[PDB]
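Computed from the coordinates by the stated procedures, all read-outs in this text should not be read as laboratory data. All Cβ positions, even for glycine, are placed from backbone atoms using ideal geometry, and neighbour counts span all protein chains on display.
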Amino acid sequence: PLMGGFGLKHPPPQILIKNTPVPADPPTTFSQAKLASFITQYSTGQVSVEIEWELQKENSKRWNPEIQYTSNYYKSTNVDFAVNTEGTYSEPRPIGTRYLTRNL
Amino acid sequence: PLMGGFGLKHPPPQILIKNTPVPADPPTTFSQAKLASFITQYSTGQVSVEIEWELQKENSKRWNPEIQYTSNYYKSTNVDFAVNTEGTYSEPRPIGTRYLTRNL
Amino acid sequence: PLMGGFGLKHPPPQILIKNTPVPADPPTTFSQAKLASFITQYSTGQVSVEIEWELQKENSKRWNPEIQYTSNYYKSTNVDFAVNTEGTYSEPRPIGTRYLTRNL
């Protein structure tokens, strides 16, 4: 896939979820039409997901140090990747997956 | 120890090595004094050492990224921690052991 | 520890507790932002703790009487370490742990 990530011929199956509609008072006298009056409703809950990954371990004889993803050592007004005064979580920058080096 | 490193009450035993002195021609007529004429000599060889270390693995729940020791991303006239044009291996800077963080 | 009490290299683990936030009505039309409207909530309950102590028993040959922590024998307007007319529990004075005597 162009955006990246693993193309799958049978991806993780998507999940669809809906409240069961609960109709308001139907009339006393029967009528053909479907019930257009519903009880306003919404639900909540906790959803959990694990994804078990396989890591390809790295064995490399390169002498000098690699490049590593490291946080800024200099003082800052607020910590990156963490909440600010308002309670607003802010990811400052994108994080690539390529740092370690290998021989073409 | 002030310089750092593990103080040991029975350190790794030091190793002493010397050529066996091989005397030049002694005189035909015996004389009391020790032989002062030796055959100029030196030896060479290959020495190997392993040191089996125990690592204390790191388990930490800190959310935001750590600090990491990383090589300079910007172009340079010659690679650090590696030989230069003359064949001279040069370590540019000292490397501390403290980067990962922990709660006091 | 300076304040006193047992210093522990692995103290009793602290316990953290929170209500699960229950969001109010989300809008009919989806929107990116997190839900800022929550249902005002608080919980109650009963918490119990035992701490099993070991006492170091006291064996001492001192002839004359010791010093002991004793309540005031003289009449008072209200009992110490017990509620007053308003229902206010009031501890009058601090209670040290040292009374029994021992040879240095």
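When you take every Cα atom in the protein assembly as shown, what is the radius of gyration, and what is Dmax, the widest Cα pair distance, in Å?
Rg then Dmax for the protein assembly as shown, in Å: 38.9, 145.
Over 11 Å apart: what share of the alpha carbon pairs of the range A:57-103 falls there, rounded to a whole percent?
Of the Cα pairs, 78 percent sit more than 11 Å apart.
So, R0 is 41 Å and r is the distance between the beta-carbons of A:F30 and C:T44; what FRET efficiency does that work out to, to 0.05?
FRET efficiency, A:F30 to C:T44: 0.25.
Give, to the nearest whole percent, the P(r) tail of the range B:10-53 beyond 11 angstrom, counting all Cα pairs.
When all Cα pairs of the range B:10-53 are counted, 80 percent exceed 11 Å.
With springs only between Cα atoms under 10 Å apart, run a GNM on chain B and tell me which of B:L55, B:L16, B:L35 wobbles the most.
B:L16
Ordered by residue, what ³J(HN,Hα) values in Hz, to whole numbers, does the range B:93-104 give under the Karplus form 6.51 cos²θ - 1.76 cosθ + 1.60, where θ = phi - 60° and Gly and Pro are x?
8, x, 10, x, 9, 9, 9, 3, 10, 8, 8, 3
Which cross-chain or sequence-distant (5 or more) residues have an amide H under 5 Å from the amide H of A:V79, H modelled 1.01 Å from N in plane?
Hits under the 5 Å cutoff: none.
What FRET efficiency, computed as 1/(1 + (r/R0)^6) with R0 = 25 Å and r the Cβ-Cβ distance, is obtained for B:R98 and A:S76, rounded to the nearest 0.05?
Working from the Cβ atoms, E equals 0.80.
Might you report the magnitude of the Cβ-based charge dipole of the protein assembly as shown about its Cα centre, with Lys and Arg at +1 and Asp and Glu at -1, to the nearest 20 debye?
With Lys and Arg at +1 and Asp and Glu at -1, about 460 debye.
Return the Cα extents of chain B along principal axes one, two and three, sorted largest first, each rounded to a whole Å.
So the extents along the principal axes, rounded to whole Å, are 87, 44, 24.
Rank A:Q32, A:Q68, A:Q46 by mean-square fluctuation in a GNM of chain A with C-alpha springs under 10 angstrom and give only the top-ranked residue.
Of A:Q32, A:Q68, A:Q46, the Gaussian network model singles out A:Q32 as fluctuating most.
Any idea how far the Cα center of the range A:8-33 sits from the one of the range C:1-64, in Å?
When both Cα centres are located, 43 Å separates them.
Tell me the relative contact order for chain A as a rounded percent, counting alpha carbon contacts under 8 Å between residues six or more apart.
Normalised by residue count, the contact order of chain A is 16 percent.
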